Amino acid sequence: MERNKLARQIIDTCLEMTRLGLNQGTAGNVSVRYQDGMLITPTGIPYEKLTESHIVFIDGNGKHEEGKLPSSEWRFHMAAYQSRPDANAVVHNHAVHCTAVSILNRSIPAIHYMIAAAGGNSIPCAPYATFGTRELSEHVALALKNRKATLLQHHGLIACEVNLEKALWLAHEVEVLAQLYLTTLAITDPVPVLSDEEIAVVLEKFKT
């Protein structure tokens, strides 16, 4: 767990994210918990020119390394880390289906049993606030109190997990759920959902 290994995974996460179709051109930022703060992708530099030494260290006070410009969205990555002590990785993208659901300002309800991967019977949608602001950061910290993923109204998605592998995986799963919801919603509104008792069985089963 040296710095450069963590920077290679961050870069590999951006690459896989783009290959999975979740990341569409210069949007998206990834981070990992490290020392007293985090390592995050830089602003500006396109994913394919990224090299290990581009990765930026931001400490717990919010100070970033000299000569590097962290992602313009770094503050809600730090919000995530202080609101969810168990989170070690944070993935953010503007994936098209998640973002369309966030434009309608709706939570994703329990239309599939995999909704439980993010911790409960829904994928919440946090209210709009300008990117990079303290106000956005507060909404995200409140939405992640009992969920590992949230939509951001008029914006995109955030997912957090114990490592980058699982955070990408979750991010991906919520984009599938989002696409499932939009496709069925164009046909029938509201969309049929599983009951809370049924999601409670599935959560228990996922613990086992």
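In this text, residue numbers run from 1 along the sequence as written.
Enquirer: Hey, which bit's got the bigger mean C-alpha B factor in the entry, 8-16 or 192-200?
Expert: Stretch with the greater average CA B-factor: 8-16.
Enquirer: Mean C-alpha B-factor higher for 129-137, or for 92-100?
Expert: It is 129-137.
Enquirer: Using the temperature factors in the entry, find which of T183, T150, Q153, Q35 has the highest value at its Cα atom.
Expert: Checking the PDB record, the top C-alpha B-factor among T183, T150, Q153, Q35 is at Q35.
Enquirer: Would you mind checking where the Cα B-factor of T41 ranks among the modelled residues of its chain, as the lowest, middle or highest third?
Expert: Bottom third by C-alpha B-factor.
Enquirer: Would the CA B-factor of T26 place it in the lowest, middle or highest third of its chain?
Expert: Highest third - that is where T26 ends up once the chain's C-alpha B-factors are sorted.
Enquirer: Split the chain's modelled residues into thirds by Cα B-factor; is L50 in the lowest, middle or highest one?
Expert: For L50, whose C-alpha B-factor we compare with every modelled residue in the chain, the answer is the highest third.
Enquirer: Select lowest, middle or highest to describe the third in which the CA B-factor of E175 falls within its chain in this entry.
Expert: Lowest third, going by the recorded CA B-factors of the chain.
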